[PDB]
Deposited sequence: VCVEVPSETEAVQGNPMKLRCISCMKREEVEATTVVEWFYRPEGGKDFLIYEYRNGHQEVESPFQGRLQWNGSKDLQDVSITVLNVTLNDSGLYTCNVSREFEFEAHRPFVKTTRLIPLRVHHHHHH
């Protein structure tokens, strides 16, 4: 069955990081938006599912990898090759029609070694 599990919030520099986002659903059109915000900055979109997985232009374009389910209850993504600079707040927005909308916040912090 579908369990809602929070994402890890600590990442090791140089490894891939899974930004977990799970929205267990009510027995359906889906939109998923992933946002990132650097310390002292503004949210910008980095990943989108909106009638398909869209190419989103961002500093993240190139290092993102989809890691979710086909049923779209798991909408996790992976950031490849993590740097100290990827620290910040990641937001996962999942909306569902035929209405719902759920938000998940990931205060991501990257470490050495």
Inset, instruction - No C-alpha coordinates anywhere in a stretch? Then put that deposited-sequence range on the list, in order along the chain. - result: 28-31, 103-109, 125-127
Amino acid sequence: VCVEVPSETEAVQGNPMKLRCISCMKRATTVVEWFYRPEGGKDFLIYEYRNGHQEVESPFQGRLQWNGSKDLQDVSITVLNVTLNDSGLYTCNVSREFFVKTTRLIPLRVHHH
From here on, numbers count along this sequence of modelled residues.
Legend entry - Which of 63-71 and 45-53 has higher mean CA B factor, as the PDB entry lists it: 63-71
Legend entry - Given 16-24 and 89-97, the range whose Cα B-factors average higher in the PDB entry: 89-97
Legend entry - C-alpha B-factor winner, where the candidates are 106, 110, 5, 2: 2
Legend entry - Entry-reported Cα temperature factor of residue 76, expressed as the chain third it lands in: lowest
